[PDB]
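Enquirer: this one is an experimental structure. Sequence first:
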Amino acid sequence: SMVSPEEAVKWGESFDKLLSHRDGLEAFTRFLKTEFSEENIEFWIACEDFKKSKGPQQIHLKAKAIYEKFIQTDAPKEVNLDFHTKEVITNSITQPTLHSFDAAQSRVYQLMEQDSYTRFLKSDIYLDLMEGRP
């Protein structure tokens, strides 16, 4: 999508700016698809959708869904969330708060950074946005 090199270099400092920019989100998800790591980004995105809820009982229903389907070490998805964190969650899932998975959000978010975002910055994709030199 329409992005200028300036916007691109700004994506190289502000991860949220990359995400919030429709063009950036597009580029990042398409790249992230090659390694199927989109699971992680959409994981805590789903946690924000959970955080968007306002139904107390629904909080438990949603949290239980996210629990068995994502939070678990096995799960049909199996999220790359930190062990110690998901351990505390598997226990704290009895009475989840609106931001119960705020820890999970923080973990996975900065995990994609140090893992996927680094290679993203040195990928031919981002270097193409730079048009500098191979």
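Expert: Happy to help now that I have it. Numbers count the residues shown, from 1 in each chain.
Enquirer: how near is residue 62 to residue 42?
Expert: Using Cβ to Cβ, to the nearest Å, residue 62 is found at 15 Å from residue 42. Every residue, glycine included, has its C-beta placed from N, CA and C.
Enquirer: neighbour count winner among these two?
Expert: Remark: of residue 62 and residue 42, residue 62 carries more neighbours, 21 against 16, as counted by other Cβ atoms under 10 Å.
Enquirer: which residues does that one contact?
Expert: Contacts here follow Cβ atoms under 8 Å, 6 or more residues apart in numbering; on that basis residue 62 touches 50, 53.
Enquirer: test my guess that residue 86 contacts residue 108.
Expert: No: shown here, residue 86 and residue 108 do not form a contact pair, counting by Cβ atoms under 8 Å, at 10.0 Å.
Enquirer: which residues are in contact with both of those two?
Expert: In contact with both residue 86 and residue 108: residue 79, using Cβ under 8 Å, 6+ apart.
Enquirer: how is the chain partitioned into domains?
Expert: Residue ranges for the domains of the chain, per curated CATH domains: 6-35+116-134, 36-115.
Enquirer: so which elements touch the longest helix belonging to the chain?
Expert: Criterion DSSP state H: the longest helix present in the chain is helix 38-51. Identification of packing neighbours for helix 38-51 by 3 or more Cβ pairs under 8 Å, 6 or more residues apart in numbering; DSSP states H and E yields helix 22-33, helix 56-66, helix 102-112.
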